[PDB]
Amino acid sequence: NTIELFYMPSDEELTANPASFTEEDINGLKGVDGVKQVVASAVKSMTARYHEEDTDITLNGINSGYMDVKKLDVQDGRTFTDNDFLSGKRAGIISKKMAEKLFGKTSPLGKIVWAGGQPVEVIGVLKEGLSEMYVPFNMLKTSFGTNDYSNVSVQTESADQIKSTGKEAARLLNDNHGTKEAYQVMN
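When the letters of the sequence shown are read in order and numbered with the authors' numbering, they come out as residues 16 to 33, 39 to 148, 156 to 214.
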């Protein structure tokens, strides 16, 4: 019962204005009829570093709805709290693979990993294939200057709402951005 929103401007759209979702967008969507939850992330590739070890990782800056909806399961340590998202703490939850690459069999919990030159305390390792770390989206703003989400889905209350909620959510997006039909769900 989730549907993803995409940004694809038409030629009619591009020649009026020479994938971006704002915080305003994420907050608006939550109030769209039929929306149970908003699933939002900013996905970026970069190197992560601990001591003498380097690996390439996926860093996901997410909102509070993302964990909610995604069956993301922490095996050791803890998951994010709503205040972690609020304050944008320098806190990260890492996959088993990236923990193994950077730490081997040593516990990563409490250690500082440097992602793209930014320090992040590992507060959780996920249940078990990819090297990826999750951090509060608000941490991306201050640390990397990332102020938009790259990927957004909405979860509906029921399956029969997808078509209409999806459409409404897409219109809302277009209206916030002043675009005609750039934002859309699959028809």
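By construction, the Cβ of each residue, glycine as well, lies at the ideal position given by its N, Cα and C atoms.
* Is the beta carbon of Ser158 sitting closer than 8 Å to the one on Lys117? -> yes
* Buried or exposed: where does residue 152 fall if 16 or more other Cβ atoms within 10 Å of its Cβ makes it buried? -> Coordinates for residue 152 are absent; the numbering of the chain skips from 148 straight to 156.
* To do: May I ask which residues mark the beginning and end of the alpha helix (DSSP H) holding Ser127?
  => Note, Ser127: premise wrong, no alpha helix (DSSP H); not H, not E.
* Neighbour-count burial assignment, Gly130, 16 or more Cβ in a 10 Å radius -> exposed
* Asked: Which residues does DSSP pair with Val63 in a beta bridge?
  -> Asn80
* To do: Return the chain-ordered list of same chain residues with a C-beta closer than 6 Å to the C-beta of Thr17, the five sequence neighbours on each side being excluded.
  => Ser180 and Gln182
* Where does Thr192 sit, in a helix, a strand or coil, going by DSSP? -> helix
* To which residues of the same chain is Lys168 closer than 7 Å at the C-beta, ignoring the five residues directly before and after it? -> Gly108 and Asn174
* Would you call the CB atoms of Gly85 and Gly144 closer than 8 Å? -> no
* With C-beta atoms as the reference, is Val59 less than 8 Å away from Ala196? -> no
* Beta-carbon separation of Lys207 and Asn201 under 8 Å? -> yes
* May I ask you to list the residues that DSSP assigns as paired with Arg69? => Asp74 and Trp134
* Contact set for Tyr70: own chain, Cβ-Cβ below 6 Å, skip 5 residues either direction -> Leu122 and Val133
* Asked: Under a Cβ-count criterion, where at least 16 other Cβ atoms within 10 Å of its own Cβ denotes burial, should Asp45 be classed as buried or exposed?
  -> buried
* Which listed residue (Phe21, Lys56 and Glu43) has its alpha carbon closest to that of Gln188 -> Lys56
* To the nearest angstrom, report how far apart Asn83 and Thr101 are at their CA atoms. => 11 Å
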